[PDB]
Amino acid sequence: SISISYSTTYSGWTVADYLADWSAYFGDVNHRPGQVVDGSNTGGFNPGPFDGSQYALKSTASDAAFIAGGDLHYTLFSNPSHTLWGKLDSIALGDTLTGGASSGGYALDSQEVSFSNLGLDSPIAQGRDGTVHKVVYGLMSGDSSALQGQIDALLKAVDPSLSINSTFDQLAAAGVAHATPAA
């Protein structure tokens, strides 16, 4: 089942309200034709270069960063071009990305919220229509709708009374979510 961690600061927040604010706070790194600059808005794989157990990206607007965890693959120019596919197990949201492939992994200095046991697995053949692609591209581009939908579905699958409109505290009472230390 989905496992959620949250800083005690966000106990009284709904998952939906947190993700709507986080998307806007991270914003859009503008990873699009004519707009890409290396080490500004590419992100990075661990270990890479085009595959990793992690894909991580820093905001160009704020200190926000995310880490996507699983078994992830990027196609670059190869058909289907510019597809992120594979297994997405976890999304970690917070501030101040540290480490990388040379440190044995990426870390957030301030992890606010994470979603684990997502169980998402998108094959290469789905291209940019894959759920993994849409979930992570949404985080890159200031629209967490796809992530919100997947979390909503996973919560309702544990118990139909749960949704992204539940507070983190309500999800903790339901045995899904776990409080972590405040920054």
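Between two forms, the rigid core is the largest collection of C-alphas that superpose within 1.5 Å. Throughout, we count residues from 1 along the sequence that is shown.
Which of 131-139 and 39-47 lies farther, on average, from the shown form in 6 other deposited structures of this protein once the rigid core is superposed (C-alpha RMS)? Comparing 131-139 with 39-47, the larger C-alpha deviation in 6 other deposited structures of this protein belongs to 39-47.
Any chance you could tell me whether 104-112 or 86-94 drifts more in 6 other deposited structures of this protein, judged by RMS CA distance from this form after superposing on the core? Taking the RMS over all superposed structures in 6 other deposited structures of this protein, 104-112 lies farther out.
Look over 142-150 and 32-40 in the entry and identify the one with the greater average Cα temperature factor. 32-40 has the higher mean C-alpha B-factor.
Do the C-alpha atoms of 121-129 or of 65-73 have the higher average B factor in the entry? Higher mean C-alpha B-factor in the PDB entry: 121-129.
Which of these, 101, 88, 84, 113, has its C-alpha atom at the highest B-factor, as the entry lists it? Answer, based on the entry's C-alpha B-factors: 101.
How does residue 2 rank on Cα B-factor within its chain, lowest, middle or highest third? For residue 2, the deposited C-alpha B-factor lands in the middle third.
For residue 161, return the chain-relative third of its C-alpha B-factor as stated in the PDB record: lowest, middle or highest. According to the entry, residue 161 has a C-alpha B-factor in the chain's highest third.
Can you tell me whether residue 182 has a C-alpha B-factor in the lowest, middle or highest third compared with the other modelled residues of the same chain? CA B-factor rank for residue 182: highest third.
What third of the chain, by the recorded C-alpha B-factor, contains residue 60? As the PDB entry reports it, the C-alpha B-factor of residue 60 lands in the highest third of its chain.
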